[PDB]
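Peer 1: For reference, the structure I am asking about is given below.
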2 protein chains.
Amino acid sequence: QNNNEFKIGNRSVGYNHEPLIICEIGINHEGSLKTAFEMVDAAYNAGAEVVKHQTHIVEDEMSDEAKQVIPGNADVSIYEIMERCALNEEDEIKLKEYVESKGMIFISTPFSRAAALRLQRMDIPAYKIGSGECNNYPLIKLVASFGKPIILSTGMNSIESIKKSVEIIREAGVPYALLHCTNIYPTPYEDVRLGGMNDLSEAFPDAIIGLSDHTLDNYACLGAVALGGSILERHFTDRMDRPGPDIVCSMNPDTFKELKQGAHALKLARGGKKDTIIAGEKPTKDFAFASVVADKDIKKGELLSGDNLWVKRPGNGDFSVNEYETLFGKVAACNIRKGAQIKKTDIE
Amino acid sequence: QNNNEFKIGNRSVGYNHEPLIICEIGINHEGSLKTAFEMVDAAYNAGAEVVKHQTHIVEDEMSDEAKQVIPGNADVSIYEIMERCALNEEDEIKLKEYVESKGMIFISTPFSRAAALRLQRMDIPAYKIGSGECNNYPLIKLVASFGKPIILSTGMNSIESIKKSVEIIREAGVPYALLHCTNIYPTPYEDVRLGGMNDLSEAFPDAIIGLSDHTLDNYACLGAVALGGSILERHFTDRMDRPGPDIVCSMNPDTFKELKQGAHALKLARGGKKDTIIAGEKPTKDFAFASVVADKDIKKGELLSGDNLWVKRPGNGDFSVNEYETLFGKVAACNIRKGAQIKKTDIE
Ligand SMILES: [Mg+2]
Ligand SMILES: [Mg+2]
């Protein structure tokens, strides 16, 4: 595929590295630092490498109009949901310390100028930009000016619209990833369109490519790895009985571990070339390929033909099945017994 | 990808159809028709559509040399294994009837001229050709002359070598599939090279493409489906504690069902295009996209600038974030309150 790569802290990402699973706790903590810690613990104990937050400062994120619009996966205004689940600056700092105290990488998605500036003050190692902000060129300009790598979700946006955000990122000179994404909560399998990842890599040859997913299980992400994806993001919860509008499409510790194991296998199995010679097949080639044999008793002086020659395993005969027709018309230099492999000494 | 398709009996196969899982009982029955029936039952009860056999007539399959060569996954000669597990013509006919009595499709792999002729007499709906015979051009010629579709495994062979077999198949005028395959029992993940499927489809645009697999689990096949594969073949057993050299890489009823369910999800999720507009994202676009707002109180007559304008959710404002910079230099036609969306009536 490609050899693009960059570092998030000490963790390299890209086609030639192990796929990175981003555990998006998001708003799943419902505004409780204690709940967030329980989810951070569950992620740690499951083997997570990265916990991602969402940084919500509602007054800079939304105008008063947001109090009258309802998301497809809720029954109250987006403003109410965000004001309910937002952690304040003091608590988010503690959350980052807690994640890092567990040896994991902390990143977050700013949904506003104020949030981006908060995260720059905390000095996070990379920035996630959500699909809603993929076309927020002013906010992308700000985040790119921080000089850290950017992971950009691309849901709800065309290649043409994405080109403008990538132009800004390239101008700031930071490496970046593009996550294919579909922003329906939850997303039907039929809307995932894994082919969109190929479209992104074709259009943006310098991007690390991955998938942000909101389906009900791991299949989409496993397919993303088979296609060459390097970053996988799903929401994460410690328990599936938690309340919250994103819980239903979340992984838990057990399904995280399943994704991690499947991503490892598919990282190994993906790519490569048909024509590569595999040493381990040699014993099979040696017995499974066919050699030319006599199909009847052939007397000295008789001509070899398609009527007195055939081919049978194994592959150690003087003439392989690929040389079958070249023997036609040759002269038997001695009697040849039916069923015997044709020897170089059998022909004149 | 493509719209190639053909019928195996009443079952259409190809990119636009449900992936077909071939339950390869093979030599797993260890020569016992009773055992083969138990495996056919297990496949039926698990939901299998196709049971595939192997047709071994050892005298036409192997010369005496085969009694001295040992496969990588056994400790006796290939001749001994095949003579031990082969079903005679009477038993194979009963096996085909039994499979069909269960509503499933019966196909088989001939390893010899005599076996191919036996299967033509039984009138099977399609022929599998194993990777060992992919370069057995004489045998392919014979099988292609039967006028039934061919499913050709391509392990241990180059594209160049495969082109000669496909030429023969095309000349006979039958539709065909190409299964990418690696013939190590079992196959390490790192040797699967799922990219080989892309190589085959590029070289042979008229082929239905799939995977024949000998890994220890379903990951390779699930990746094959994500990449567009239409046919999946794994060995199949009723129970994993059965003896036999291929049992260890076999699926059983539970892992068959898991593959069937994963292949369904990935058939739905695969392919497609990034730029497709998804109706279900519309509610999210409506609240998640940003509109232009006043970043400070702006007095009538003042000019709009990057210093007194910003952007915030939701997306119902008169000016979207993509129009942000076009407002620069416009004149406020009235006082504009900090935080308000910019209205078309706010500018001269
Ligand atoms: Mg999300
Ligand atoms: Mg096999």
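Ligands are numbered from 1 in the order shown, chains are lettered A, B, ... in the order of the structure tokens, and residues start at 1 in each chain.
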Within 6 Å of chain B, which residues of chain A are there when counting only C-alpha atoms? Please give them as an MDAnalysis selection string.
Peer 2: chainID A and resid 61:62 66 72 132 158 183:184 189:190 192:196 223 226 268:275 281 283 288:289 312:314
Peer 1: Ligand 2: which residues are within 8 Å, counting only C-alpha atoms and all ligand atoms? Reply as a ChimeraX atom specification.
Peer 2: /B:24,26,130,183,212-214,233-235,246
Peer 1: Go ahead and write the residues just picked, C-alpha atoms, as a compact mmCIF listing (two decimals), in the first residue's frame.
Peer 2:
```txt
# COMPACT_ATOMS: atom_id res chain seq x y z
CA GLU B 24 -14.62 -28.97 2.27
CA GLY B 26 -12.22 -33.60 1.77
CA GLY B 130 -7.01 -28.00 -6.43
CA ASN B 183 -0.89 -24.62 0.60
CA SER B 212 -9.27 -21.10 -0.21
CA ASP B 213 -7.87 -21.06 3.29
CA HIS B 214 -5.81 -23.30 5.58
CA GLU B 233 -13.43 -22.50 1.19
CA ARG B 234 -12.28 -24.03 4.46
CA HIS B 235 -12.07 -27.65 5.47
CA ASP B 246 -6.45 -31.60 7.72
```
Peer 1: Go through B:174, B:13, B:107, B:203 one by one, measure the shortest atom-to-atom distance of each to residue 128 of chain B using only C-alpha atoms, and give the residue with the smallest value.
Peer 2: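 Nearest to residue 128 of chain B: B:107.
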Peer 1: Report, in Å to a single decimal, how far apart atom CA of residue 166 of chain B and atom CA of residue 296 of chain A are.
Peer 2: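 Straight-line distance from atom CA of residue 296 of chain A to atom CA of residue 166 of chain B works out to 29.5 Å.
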Peer 1: Would you list the contacts of segment 35-47 of chain A as a count of residues only, taking every protein, DNA or RNA residue within 12 Å and counting only C-alpha atoms, but skipping same-chain residues closer than 4 positions in sequence?
Peer 2: 55
Peer 1: Taking only C-alpha atoms into account, name the residue in A:342, A:57, A:3, A:308 that is nearest to residue 323 of chain A.
Peer 2: A:342
Peer 1: For a quick check of understanding, using only C-alpha atoms and all ligand atoms, which of A:169, A:129, A:177, A:115 has the smallest distance to ligand 1?
Peer 2: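 So, comparing all the options, the nearest one is A:129.
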Peer 1: Do a neighbour search on residue 172 of chain B at 12 Å with only C-alpha atoms, toss out local chain neighbours closer than 2 positions, and write the hits as a list in words.
Peer 2: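 Non-adjacent residues within range: residues 140, 141, 142, 143, 144, 145, 146, 147, 148, 149, 150, 165, 166, 167, 168, 169, 170, 174, 175 and 176 of chain B.
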Peer 1: Where does DSSP see helix (DSSP H, G or I) in segment 77-225 of chain A, if you list the residues as an MDAnalysis selection string?
Peer 2: chainID A and resid 78:85 89:101 113:122 131:133 137:144 159:172 189:191 195:203 219:225
Peer 1: Please return as an MDAnalysis selection string: the residues of segment 1-196 of chain B that backbone DSSP assigns to strand (DSSP E).
Peer 2: chainID B and resid 5:8 11:14 20:26 50:55 105:110 127:129 150:153 176:181
Peer 1: I'd like the interatomic distance between atom CA of residue 232 of chain A and atom CA of residue 210 of chain A, to a tenth of an Å.
Peer 2: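 Rounded to one decimal, the two atoms are 5.9 Å apart.
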Peer 1: Using only C-alpha atoms, which protein or nucleic acid residues come within 9 Å of residue 4 of chain B? Drop anything in the same chain fewer than 6 positions from it, and give the result as a PyMOL selection string.
Peer 2: chain B and resi 13-16+205-208
Peer 1: Do you know which residues are at most 10 Å from residue 304 of chain B counting only C-alpha atoms, after dropping those on the same chain fewer than 6 positions away, and could you put them as an mmCIF file with N, CA and C atoms, in the first residue's frame?
Peer 2:
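Produced file out-v8.cif, reproduced below:
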```cif
data_model
loop_
_atom_site.group_PDB
_atom_site.id
_atom_site.type_symbol
_atom_site.label_atom_id
_atom_site.label_comp_id
_atom_site.auth_asym_id
_atom_site.auth_seq_id
_atom_site.Cartn_x
_atom_site.Cartn_y
_atom_site.Cartn_z
ATOM 1 N N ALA B 294 -21.450 36.221 15.381
ATOM 2 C CA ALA B 294 -20.683 37.373 15.831
ATOM 3 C C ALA B 294 -19.808 36.974 17.009
ATOM 4 N N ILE B 298 -21.097 44.073 17.460
ATOM 5 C CA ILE B 298 -20.699 44.828 16.272
ATOM 6 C C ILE B 298 -21.709 45.950 16.064
ATOM 7 N N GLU B 325 -14.975 33.495 5.356
ATOM 8 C CA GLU B 325 -14.120 34.580 4.879
ATOM 9 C C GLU B 325 -14.815 35.485 3.870
ATOM 10 N N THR B 326 -15.887 35.019 3.226
ATOM 11 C CA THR B 326 -16.583 35.899 2.293
ATOM 12 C C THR B 326 -17.258 37.064 3.003
ATOM 13 N N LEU B 327 -17.508 36.954 4.302
ATOM 14 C CA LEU B 327 -18.126 38.069 5.007
ATOM 15 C C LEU B 327 -17.135 39.170 5.362
ATOM 16 N N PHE B 328 -15.833 38.912 5.246
ATOM 17 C CA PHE B 328 -14.850 39.908 5.644
ATOM 18 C C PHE B 328 -15.015 41.154 4.784
ATOM 19 N N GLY B 329 -15.070 42.311 5.434
ATOM 20 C CA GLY B 329 -15.229 43.564 4.727
ATOM 21 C C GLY B 329 -16.658 44.009 4.526
ATOM 22 N N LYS B 330 -17.635 43.122 4.708
ATOM 23 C CA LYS B 330 -19.022 43.558 4.666
ATOM 24 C C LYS B 330 -19.306 44.533 5.802
ATOM 25 N N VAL B 331 -20.405 45.260 5.654
ATOM 26 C CA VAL B 331 -20.764 46.356 6.537
ATOM 27 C C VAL B 331 -21.986 45.928 7.332
ATOM 28 N N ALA B 332 -21.931 46.086 8.650
ATOM 29 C CA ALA B 332 -23.095 45.747 9.462
ATOM 30 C C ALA B 332 -24.221 46.741 9.191
ATOM 31 N N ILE B 347 -26.031 42.504 7.000
ATOM 32 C CA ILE B 347 -24.973 43.107 6.199
ATOM 33 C C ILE B 347 -25.607 43.970 5.119
#
```
Peer 1: Taking only C-alpha atoms and all ligand atoms into account, name the residue in A:114, A:152, A:334, A:122 that is nearest to ligand 1.
Peer 2: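 Between A:114, A:152, A:334, A:122, the residue approaching ligand 1 most closely is A:152.
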